[PDB]
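# A look at the structure
These are the residues of each chain, in order.
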Amino acid sequence: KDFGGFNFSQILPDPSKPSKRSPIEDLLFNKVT
Amino acid sequence: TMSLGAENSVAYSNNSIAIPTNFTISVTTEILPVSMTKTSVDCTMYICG
Ligand SMILES: *[C@@H]1O[C@H](CO)[C@@H](O[C@@H]2O[C@H](CO)[C@@H](O)[C@H](O)[C@H]2NC(C)=O)[C@H](O)[C@H]1NC(C)=O
Ligand SMILES: *[C@@H]1O[C@H](CO)[C@@H](O[C@@H]2O[C@H](CO)[C@@H](O)[C@H](O)[C@H]2NC(C)=O)[C@H](O)[C@H]1NC(C)=O
Ligand SMILES: *[C@@H]1O[C@H](CO)[C@@H](O[C@@H]2O[C@H](CO)[C@@H](O)[C@H](O)[C@H]2NC(C)=O)[C@H](O)[C@H]1NC(C)=O
């Protein structure tokens, strides 16, 4: 992830999560009930 | 289970670019409805004749 200092970890999919969602997407799915 | 698309891995690196050397003139169709059939119903005649 060498993008010249630009960080996209909060929007790219998280490999640690089984749902393969981004942290922002995971938060969005948790916040809607 | 339906496939979403063909898998393509973009050859990203911090100092390489891809420049087109040619082009295609592509014509595509877009169909849009504009109007319907103008229908009038006589309410008195439909209910009662
Ligand atoms: C991109 O951003 C993420 C999160 O904003 C960075 O991850 C953090 O890294 C520091 C030190 O490496 C840790 O102390 C934090 O706990 C991490 N946060 C999370 C949420 O994991 C990451 O280092 C940044 N840079 C790259 C290259 O990914
Ligand atoms: C530009 O170079 C990259 C790597 O030198 C090419 O990407 C490779 O393409 C082959 C054929 O599809 C794959 O088997 C490799 O896995 C690719 N490597 C990477 C790192 O993606 C790329 O095709 C080249 N671009 C052009 C237009 O020739
Ligand atoms: C750019 O693409 C066009 C096709 O869209 C190429 O034209 C073809 O050239 C070959 C070889 O001379 C001919 O056999 C074909 O009949 C041509 N096709 C058409 C539609 O004219 C053109 O050569 C390409 N140019 C470059 C620089 O790659």
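Structure: above.
Residues numbered from 1 in each chain as written, not as in the entry; some residues may be left out. Chains lettered and ligands numbered in written order. Part of a larger assembly, values for the part shown. Heavy atoms only, no water.

## Comments concerning the overall build of chain A
Regarding its fold elements, chain A presents one helix and zero strands. Expressed as a percentage of the 33 residues in chain A, the buried residues total 6%. Put simply, chain A shows about 3,100 Å² of open surface, and 61% of that area lies on carbon and sulfur atoms. The averaged location of the 4 negative side-chain charges in chain A is 7 Å from the averaged location of its 5 positive side-chain charges. (Helix = DSSP H or I, 4+ residues; strand = E, 2+ residues; numbered from the N terminus. Buried < 20%, exposed > 50% of the residue type's maximum accessible area, 1.4 Å probe, protein only. Areas by Shrake-Rupley, 256 points an atom, 1.4 Å probe, with all protein chains shown as cover. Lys, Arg positive; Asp, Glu negative; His and termini not counted. Charge placed at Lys NZ, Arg CZ, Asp CG, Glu CD.)

## Looking at a nonpolar patch on the surface
On the surface, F6(A), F8(A), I11(A), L12(A), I24(A), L28(A) and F29(A) cluster together to form a nonpolar patch covering roughly 700 Å² of accessible area. Take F29(A): its relative accessible area is 56%, and that puts it in the exposed class. (Patch = residues over 30% accessible without salt bridge, like charges linked within 9 Å, V, L, I, M, F, W, Y side chains within 5 Å. Salt bridge = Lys/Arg side-chain N within 4 Å of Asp/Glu carboxyl O.)

## Some thoughts on the side chain of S22(A)
Residues and elements named next belong to chain A. Position of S22 among the secondary structure elements: in the segment before helix 1 (23-31). Polar contacts involving the side chain of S22 include one to the main-chain amide nitrogen of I24, which spans 3.3 Å. Within polar-contact distance, the side chain of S22 engages the backbone nitrogen of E25 at 2.8 Å. Residues contacting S22, with those up to four places away along its chain left out, are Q10, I11, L12, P13 and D14. (Polar contact = N/O pair within 3.5 Å; in protein donor to acceptor, adjacent residues only side chain to side chain. Contact = heavy atoms within 4.5 Å.)

## Description of the packing of aromatic side chains
All names here are of chain A. Applying the stated criterion to the full structure yields two aromatic pairs over all chains. Each ring, one from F3 and one from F8, has its centre 5.2 Å from the other, and the planes form 70 degrees; the classification is edge-to-face. Exposure remark for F3: the relative accessible area of 26% places this residue in the partly exposed category. Its relative accessible area of 33% is what places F8 among the partly exposed residues. (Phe/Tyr/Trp six-rings, centres within 6.5 Å; stacked < 30°, edge-to-face > 60°.)

Taken by themselves, the reported measurements are silent on function.
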